[PDB]
Amino acid sequence: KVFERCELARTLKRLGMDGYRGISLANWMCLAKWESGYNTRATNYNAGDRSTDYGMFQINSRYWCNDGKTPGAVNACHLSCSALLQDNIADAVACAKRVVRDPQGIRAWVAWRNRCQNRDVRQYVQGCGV
């Protein structure tokens, strides 16, 4: 499913993402925008380490989810990567919360650092009444 801007904001907010670990809703929005364009079915294969990024937040199969075909995989989120390609993002959010619980925080995602960190990201939520 491809969420619309404010549809996503309102949802991420009811799922407790706004301010989660000091991370504002606009920052979670900015991450999703650049990682997948708000598309839950987004995927990206990484040839170097044979892993795949799944979903709206592009959660990697090597450490966070199990897809069954990645070498030396851990399943820190304890879920099938398959669950991260679903229309209902409740699982993707829970797993995104776990990722940012590690010391690196949201900086775990390179895209966020290159496109969101230290930049005005207010555009992502202005007009959503969130």
# chains A, B, ... in the order shown; residues from 1 in each chain; ligands from 1
call {"tool": "residues_around", "arguments": {"residues": "residue 37 in chain A", "least_positions_apart": "3", "cutoff": "9 Å", "atoms": "only C-alpha atoms", "output": "PDB file with N, CA and C atoms, in the first residue's frame"}}
result
ATOM      1  N   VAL A   2       0.470   2.282  -0.711  1.00  0.00           N
ATOM      2  CA  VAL A   2       1.215   3.539  -0.732  1.00  0.00           C
ATOM      3  C   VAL A   2       0.386   4.552   0.059  1.00  0.00           C
ATOM      4  N   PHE A   3       0.817   4.850   1.282  1.00  0.00           N
ATOM      5  CA  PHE A   3       0.119   5.800   2.160  1.00  0.00           C
ATOM      6  C   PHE A   3       0.220   7.224   1.634  1.00  0.00           C
ATOM      7  N   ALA A  32      10.706   7.535   5.997  1.00  0.00           N
ATOM      8  CA  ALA A  32       9.784   6.759   5.168  1.00  0.00           C
ATOM      9  C   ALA A  32       9.708   7.299   3.744  1.00  0.00           C
ATOM     10  N   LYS A  33       9.682   8.622   3.609  1.00  0.00           N
ATOM     11  CA  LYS A  33       9.628   9.290   2.313  1.00  0.00           C
ATOM     12  C   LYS A  33      10.824   8.900   1.451  1.00  0.00           C
ATOM     13  N   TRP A  34      12.021   8.996   2.005  1.00  0.00           N
ATOM     14  CA  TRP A  34      13.203   8.646   1.235  1.00  0.00           C
ATOM     15  C   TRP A  34      13.515   7.166   1.141  1.00  0.00           C
ATOM     16  N   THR A  40       4.637   0.343   1.375  1.00  0.00           N
ATOM     17  CA  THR A  40       4.936  -0.809   2.223  1.00  0.00           C
ATOM     18  C   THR A  40       5.566  -2.001   1.461  1.00  0.00           C
ATOM     19  N   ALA A  42       7.982  -1.787  -0.770  1.00  0.00           N
ATOM     20  CA  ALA A  42       9.313  -1.433  -1.256  1.00  0.00           C
ATOM     21  C   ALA A  42      10.337  -2.496  -0.841  1.00  0.00           C
ATOM     22  N   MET A  56       8.382  -0.031   4.233  1.00  0.00           N
ATOM     23  CA  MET A  56       8.390   1.399   4.250  1.00  0.00           C
ATOM     24  C   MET A  56       9.635   2.014   4.872  1.00  0.00           C
TER      25      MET A  56
END
call {"tool": "select_by_dssp", "arguments": {"residues": "chain A", "states": "alpha helix (DSSP H)", "output": "ChimeraX atom specification"}}
result
/A:5-14,25-36,90-99,110-115
call {"tool": "atom_distance", "arguments": {"atom1": "CA of residue 28 in chain A", "atom2": "CA of residue 127 in chain A"}}
result
16.2 Å
call {"tool": "residues_around", "arguments": {"residues": "residue 61 in chain A", "least_positions_apart": "2", "cutoff": "6 Å", "atoms": "only C-alpha atoms", "output": "list in words"}}
result
residues 51, 52, 63, 64, 65 and 66 of chain A
call {"tool": "write_last_selection", "arguments": {"atoms": "N, CA, C and O atoms", "output": "tab-separated table (two decimals), in the first residue's frame"}}
result
chain	number	residue	atom	x	y	z
A	51	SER	N	21.83	-9.38	1.71
A	51	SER	CA	20.63	-9.12	2.49
A	51	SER	C	19.63	-8.29	1.67
A	51	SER	O	19.95	-7.84	0.58
A	52	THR	N	18.44	-8.08	2.22
A	52	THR	CA	17.43	-7.30	1.53
A	52	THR	C	16.74	-6.37	2.52
A	52	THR	O	16.58	-6.73	3.69
A	63	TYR	N	20.00	-8.30	10.18
A	63	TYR	CA	19.94	-8.12	11.64
A	63	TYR	C	18.58	-8.01	12.26
A	63	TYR	O	18.40	-8.41	13.41
A	64	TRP	N	17.62	-7.50	11.51
A	64	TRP	CA	16.28	-7.24	12.04
A	64	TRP	C	15.15	-8.21	11.77
A	64	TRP	O	14.31	-8.43	12.63
A	65	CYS	N	15.09	-8.76	10.57
A	65	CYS	CA	14.01	-9.69	10.25
A	65	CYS	C	14.56	-10.92	9.56
A	65	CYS	O	15.69	-10.93	9.08
A	66	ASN	N	13.76	-11.99	9.58
A	66	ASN	CA	14.16	-13.23	8.93
A	66	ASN	C	13.45	-13.41	7.58
A	66	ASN	O	12.21	-13.34	7.50
call {"tool": "closest_residue", "arguments": {"among": "A:130, A:59, A:116, A:25", "to": "residue 95 in chain A", "atoms": "only C-alpha atoms"}}
result
A:59
